[PDB]
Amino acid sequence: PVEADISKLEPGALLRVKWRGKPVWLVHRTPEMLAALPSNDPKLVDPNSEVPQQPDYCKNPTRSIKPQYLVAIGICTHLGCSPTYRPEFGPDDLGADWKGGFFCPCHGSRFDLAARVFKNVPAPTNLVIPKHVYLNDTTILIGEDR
């Protein structure tokens, strides 16, 4: 397991830590990012996280332990590329209704800020969320829990 220190992760920033050779992202989400998430539901493949791509304590609307932070494995569920981080709302290339999220440059898969995949893109499932636990308010242990 690896410890991620988020004490300096500002609103909207993304921290990358390597675990089992995979990039694990930790994103500090703002209330605005959180407010927009449920509006994505109708356009998402698996809005309720029914597919077991996360620990049960992350099977919820924000797919996380705390709403302020998203912890997920930054590997596209299509062919394994690393998606780009696109937190800004409504960029021209992604559409005016874009509420922030991730965009994979290899085949265009889109995921929102709970790392949930949108309908009709190559990736068929939500990004994987690793087992993890907070050791304290600014430190997350990745790779294990309990």
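Don't overthink the numbering: it's just position in the shown sequence, from 1.
In this crystal structure, the stretch out of 114-122 and 51-59 whose C-alpha atoms carry the higher mean B factor is 51-59. A summary of the deposited B-factors shows that, of 88-96 and 65-73, the stretch with the larger mean C-alpha value is 88-96. The residue among 24, 127, 135, 14 whose C-alpha carries the highest B-factor in the deposited model is 135. In the deposited entry, the Cα temperature factor of residue 80 places it in the middle third of its chain's modelled residues. Ranked within its chain, residue 106 lands in the highest third, by CA B factor from the PDB record.
Residue-level temperature factors show residue 33 in the highest third of its chain, judged at the C-alpha atom.
The deposited CA B-factor of residue 141 belongs to the middle third of values across its chain.
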